[PDB]
Amino acid sequence: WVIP
Amino acid sequence: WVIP
Amino acid sequence: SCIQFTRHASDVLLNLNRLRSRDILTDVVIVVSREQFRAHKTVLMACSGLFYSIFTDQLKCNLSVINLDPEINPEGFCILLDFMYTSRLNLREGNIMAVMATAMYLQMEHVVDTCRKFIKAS
Amino acid sequence: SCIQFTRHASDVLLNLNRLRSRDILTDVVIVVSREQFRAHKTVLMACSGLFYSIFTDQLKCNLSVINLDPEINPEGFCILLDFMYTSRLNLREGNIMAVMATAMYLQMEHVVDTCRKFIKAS
Ligand SMILES: O=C1Cc2cc(Nc3cc(Cl)ncc3Cl)ccc2N1
Ligand SMILES: O=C1Cc2cc(Nc3cc(Cl)ncc3Cl)ccc2N1
Ligand SMILES: [Cl-]
Ligand SMILES: [Cl-]
């Protein structure tokens, strides 16, 4: 999971 | 396009 | 010896979401309490262990309406349906409990994992 | 303020390809000369300008069989259908001309672009  |  | 187009999967999902927003080729309605959500059975199956089981069933595969358990929160479902079609999860303090419970019911293991991680941190 | 699961789109496409290999929820047959290819209309639309136009047509959207132009090569189509479901293109010296022609007909602009580049190099 990432910060888009 | 890449070499997978 | 194939070549690969890096953005292909993302572009396919973006186009499937555009079909969903325009209600094109949607073949099922998911009923969550009073709320109704139109979707593509294949996308639901690709994202959820629960929908995978439902639509591989020889009788349920032909249903145009699926009613979820009355404990399922419509907002939690909406957030998860958006994630299915975009890879983006709107996880917030006020919705995390309903999102985790809905993801556990829908059998969306990666969403359950991040919810457990975010709850543990707080 | 969403979070994003990097592998989600690829995982969705992988599961859609698994549904295709097992002939699950396929809703159309594409006929190319004597050869028949089963697929999901939504995936075809998401990948091809031609299928997008066909299945948004109020009459053609309801057809279970689509016949392609007799000039279309079944192998070129097979290579392109595999690419649609995997992001992987089996481009070879012996098939590049048939793949480019089929991609131009199917309106798959990124495949046309790489074929033009690979032909130019040789
Ligand atoms: O967390 C999850 C997500 C998920 C998706 C699917 N859907 C498929 C799985 C296979 Cl092997 N082939 C085809 C399909 Cl559509 C099943 C279980 C789960 N669990
Ligand atoms: O090279 C290409 C690939 C492609 C895909 C699609 N399919 C869509 C486009 C839009 Cl805007 N919304 C929904 C869909 Cl399914 C149309 C044209 C082309 N050209
Ligand atoms: Cl997930
Ligand atoms: Cl393309």
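Both counts, for ligands and for their atoms, begin at 1 and track the order of listing. Just so you know, these numbers use all the heavy atoms, side chains as well, and skip hydrogens, waters and symmetry mates. Throughout, a chain's letter reflects where its sequence line sits, starting with A, and its residues are numbered from 1.
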Measure up the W1(B) and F5(C) rings against each other and bin them: parallel (under 30°), tilted (30 to 60°), perpendicular (over 60°). tilted
- Query: Is there a side-chain contact between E109(C) and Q107(C) (heavy atoms, below 4.5 Å)?
  - Reply: yes
- Item | Side-chain touch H8(C)/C47(D), heavy atoms, less than 4.5 angstrom | yes
With a 6.0 Å cut-off (strictly less than), is the heavy-atom count around CZ of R38(D), excluding the residue itself, greater than 12? yes
query: Does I30(D) belong to the same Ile/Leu/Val/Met/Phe/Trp/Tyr cluster as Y52(D), with side-chain heavy atoms less than 4.5 Å apart forming each link?
result: yes
Contacts table for ligand 1: protein N or O within a distance under 3.5 Å of ligand N or O, distances only.
from     : atom 1 : to      : atom 2 : distance (Å)
ligand 1 : 1 (O)  : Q107(C) : O      : 3.1
ligand 1 : 1 (O)  : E109(C) : N      : 2.9
ligand 1 : 7 (N)  : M45(C)  : O      : 2.8
ligand 1 : 19 (N) : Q107(C) : O      : 3.4

Report all side-chain donor-acceptor pairs from residues 39-46 of chain D shorter than 3.5 Å, counting only partners two or more places apart or in another chain.
from   : atom 1 : to     : atom 2 : distance (Å)
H40(D) : ND1    : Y85(D) : OH     : 2.7
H40(D) : NE2    : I24(D) : O      : 2.8
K41(D) : NZ     : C61(D) : O      : 2.8
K41(D) : NZ     : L63(D) : O      : 3.1

